[PDB]
Every structure is written in structure tokens, then in C-alpha cells.
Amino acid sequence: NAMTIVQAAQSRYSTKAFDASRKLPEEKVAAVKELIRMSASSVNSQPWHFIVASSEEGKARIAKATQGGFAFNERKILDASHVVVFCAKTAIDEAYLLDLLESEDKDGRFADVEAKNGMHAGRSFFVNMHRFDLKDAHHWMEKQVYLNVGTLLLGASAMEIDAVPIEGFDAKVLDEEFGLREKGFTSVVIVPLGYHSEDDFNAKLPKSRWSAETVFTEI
């Protein structure tokens, strides 16, 4: 309820060190996957793909992208239980929209073939606007993926799962490591999940945010 959600938002923090001996149970792993798969997205575009690494070898592959100037994020990836790599589509076309329309049809979203056509016209409008008017389709799809990351950070907290969102990685190295670009995807945020180690210095520091008077305008 309100107590538990405000508590989950205040108690979560960006874990800097995970307990390498503790692993997430299948029940929490399955809840994490369902949560991100069910995420909302503009016109239900779901322009994403997720790599979920639980093996030591799989996490080592992801950690190749956190070397040199990004080495400070390496241990978070290697010591965590599960590492989720959020990927966004690099482009979107008519063929993707029709696949999406068909999956919605098979899920019983439309009463008539007319309501199906309506959803397609409405979606094609927002999509073509971003592709050709604002010319920011790739950034717009990345925004949907960040919204999803948001659901996972709060959701993980509510399940007593420690997490840390990571942008400090070489996306070119990570993309090449999983052939994402060739598949029409690019990595944008890495989120390791697990349990913080007691030595994690960031777990004892207070959370800092702008004051309410600064970020809100009530009318």
C-alpha cells in the first residue's frame, strides 16, 4: 500500500557492492521478468529486448563492457546474482507495427476488424511523427525502455531485491559481444540485481534529492 511503496522508494539505493554468495530465488527472478515484460510503453510499442545473465560466464561477457574508465562498474556486474541488460530497438518499420498489431489481435484487444485498423492508424501516426517529423524515433524508443527500467528499480525494491541502474559501460563493446546491432537492438542500461554486501559504503549514506518545494508546482 502507501506505507510499503514510499518505504520501497526511500529504502532502495544504488548498490555499489553485491554479496557474491547470495542468489535470487526463481520466484523473484520470474517476478522480475514478468514485471519488465508487462511494462507500459507508448502505443504499446514495447521497443525492447532484455538479456538476463545468471551464470558466471554470462556476467563475464557483460563485464567486458565495463573496463578501463568504466572498471568502477565491473564488480557490480560480476558479483550480482542476475544482470539485466535493457536493450532498445534501433529502428522501427511497418513490418514491426503489423507483428505488434497481430499479437494484440490474438490477445483479444479488438472487437471488430475496424477497431484493429483504428489502433494501427493511431499507432502509425505517433510512430511516423517520431520517425520523420521529430526525427527522434530511436531516442523515443529508448525513452520507453527507460520507463521500463524505472518499473524494475521500484519493483525490485518492493521485493527486497538490491539493484543499481548503470549507464557507465561501453555500449559498442556490449553490442558487439551479443551481436545486438545486427539484430536491430542496442544496449542502453545494465541493471545488476542481488543482495548488497554489508561492506557496501553507499548503503549507509543518506539519500539526497531536491526538496519538495524545489521540484513541485501544485495547482
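Counting begins at 1, following the sequence as shown.
Between 186 to 194 and 156 to 164, it is 156 to 164 that carries the larger average Cα temperature factor according to the deposited entry. For the segment pair 93 to 101 and 139 to 147, the entry gives 93 to 101 the higher mean B-factor, averaged over Cα atoms. The PDB entry assigns residue 86 a C-alpha temperature factor belonging to the lowest third of its chain's modelled residues. When all modelled residues of the chain are sorted by CA temperature factor, residue 80 is found within the lowest third. Residue-level temperature factors show residue 128 in the middle third of its chain, judged at the C-alpha atom.
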